[PDB]
Structure formats: structure tokens, C-alpha cells
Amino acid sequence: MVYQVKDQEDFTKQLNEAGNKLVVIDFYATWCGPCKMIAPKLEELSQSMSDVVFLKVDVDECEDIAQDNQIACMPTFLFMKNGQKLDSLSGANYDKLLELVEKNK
């Protein structure tokens, strides 16, 4: 399952909850076609990889978070670990996403 970040305080709580695990955050919009296409794949990844935490942020719901993170394309995947930004991926490229997960987890 992919947890939807509710606000900025919630984002910090989730990053804390993740512990030492790589966190992958999907910045998406409900009007974004590629976002919807890849969402089930993220759910499957979320279900199967126990050493990675998957989150999602609806940019229309958390516009402050989208701005703070300089989102321009949907979907954007942010890769964090122990509160540090490790990488970013713009677009629904599942292979590159998987590669960044394997590289950073």
C-alpha cells in the first residue's frame, strides 16, 4: 500500500516513521494520466519490498509541499533516506525508478 501524505507535519512524521529505509515519494495529480498508469505498479512494489517505504503526495492537495520540492512534472519521484534527498526522477519511467530504488535502498 502507498500512504498519502496529508500535510507538511505528516510528511516529517512519515520520514521519521521510515527509520533507515529508503523512502520513495510519488508527487502526482488525479488529472495526470501517466500518474494513474504507474500507480498500480507502485502499489505492487510497495506490497513486495519491505526495505523501502513508498509515499504519495497529491500536488493539488498539498500545494505547499509541491512548491517546496520544486515539482514541475507529474509524476515526480523523490528519493530520500534518513531525511536526506538522494535523487529525483521526473516522469513515469518504471525502469529508471526501479534502478534508483535498487541503487539507494
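Quick note: we count residues from 1 along the sequence shown, nothing fancier.
With 68-76 and 54-62 compared on mean CA B-factor from the PDB entry, the stretch scoring higher is 68-76.
Ranked by Cα temperature factor within the chain, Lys21 sits in the highest third according to the deposited record. The entry lists a Cα temperature factor for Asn93 that places it in the highest third of the chain's modelled residues. Sort the modelled residues of the chain by CA B factor and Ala29 lands in the middle third. Split the chain's modelled residues into thirds by C-alpha temperature factor. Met37 is in the highest one. When the CA B factors of the chain's modelled residues are split into thirds, the value for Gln4 lands in the middle one.
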